[PDB]
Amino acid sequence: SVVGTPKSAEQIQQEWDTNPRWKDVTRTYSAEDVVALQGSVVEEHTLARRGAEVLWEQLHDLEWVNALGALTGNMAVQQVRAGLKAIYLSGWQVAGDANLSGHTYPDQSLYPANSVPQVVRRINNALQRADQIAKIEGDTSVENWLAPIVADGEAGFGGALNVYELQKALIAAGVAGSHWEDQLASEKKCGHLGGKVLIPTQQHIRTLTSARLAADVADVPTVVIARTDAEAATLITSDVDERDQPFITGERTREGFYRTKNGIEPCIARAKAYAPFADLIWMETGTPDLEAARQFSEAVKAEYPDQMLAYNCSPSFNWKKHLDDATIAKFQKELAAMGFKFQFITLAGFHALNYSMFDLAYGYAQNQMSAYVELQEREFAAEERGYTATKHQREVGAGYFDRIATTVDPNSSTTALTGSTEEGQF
């Protein structure tokens, strides 16, 4: 069999040399090194390839790509139904409510390292079902159900090999892009939690190199995003890297960590060091501030004019405490003009899920069915805007599985939608 035969080093090198995808991309390893790791067969990763290709085209074609954190398949389906063109998969939300330990965790890399890959696979499965249903329903209102997924690689759950395996698993699950931050994995934090410990600049370049190598061995053009936590972090594991030494105070903690001077200066320095290894760069920041965003963007683009940036529109900010309604309304449009081409609300799904169930349950506790009927009536009203989930049986594929059943046995007595209350009452 010739199925999945690897490319030659010469073919890979020719693609690196000529495909404009790789115009601004440094690889410190060789094409021969990639082939050496591929064995005799390379599995095709259709959704990872398609998603990465679509995401790269969108980042260059659209004014910007925006996304909301999704922690369930149905969440991603509604994001795409509502007109969004990308899915954001938050590690924070996976820690809080969707990880393979079954526990609720704060955002400290506590959950099992295959948790985000499993949610990537789940979101792709949910979008595939919506795509399958749309086809049998003749629904062409959504152009692309398979929206690219950008997923959270955190600090890679250890060393370069832990990074490699997480990137490989995200690709197997069908990820389009992944982000990687310059924190110590054993002390990893939410960008907006305290107690952050940076790793040396060269160690994060190793992480970004490992993430690219896993994508190259998997033969897919995954979008690699570099995140820096240097705006708030006051600790670093080591002063070994001369690029980090300007910020080192000389003081050490009892753990052996070095105190370091935080702020935009070390973020700009790290962003420039990461740029040759990053398709997008993201700096975590303490406030939603267009002027601070402009300072970062202008400083990076002075050295790397074509470097695209990413911006976390964090729910960890109290928005109307900091900004007026006019500034809130223009916020993403203004960032887009500075080169922030991927913009995302990390914890949108956590807030939508927790608030909506609190609101319904509180009403139900007081007024029982009156509270539920208020929601059902809002759902009927949303059908005008394209909402379909009021008809919950077809939404989860009852019509699709009926079509499988009648394909196998046209005369089946046990199909689902005929005689359903959905057919009768909706």
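Residues carry their position along the shown sequence, with the first being 1. The term rigid core refers to the maximal set of C-alpha atoms that superpose within 1.5 Å between the two forms.
Root-mean-square C-alpha deviation from the shown form, taken over all structures in 4 other deposited structures of this protein superposed by the rigid core, is larger for 181-189 than for the alternative among 181-189 and 138-146. Comparing 214-222 with 322-330 in 4 other deposited structures of this protein, after superposition on the rigid core, the stretch with the greater RMS C-alpha deviation is 322-330. Stretches 279-287 and 222-230 differ in mean C-alpha B factor, with the higher average recorded for 279-287.
The deposited model assigns a higher average Cα B-factor to 17-25 than to the other stretch when 399-407 and 17-25 are compared. Remark: of 210, 74, 297, 354, 297 shows the highest value [criterion: C-alpha B-factor in the PDB entry]. Considering 216, 154, 139, 165 together, the PDB entry gives 139 the largest C-alpha B factor. The deposited CA B-factor of residue 319 belongs to the highest third of values across its chain.
Annotation for residue 378: C-alpha temperature factor in the middle third relative to the rest of the modelled chain, per the entry. Per-chain ranking of the deposited C-alpha B factor places residue 244 in the middle third. Annotation for residue 386: CA B-factor lies in the highest third of the chain's modelled residues. Per the PDB record, residue ranking by Cα B-factor puts residue 50 in the middle third of the chain.
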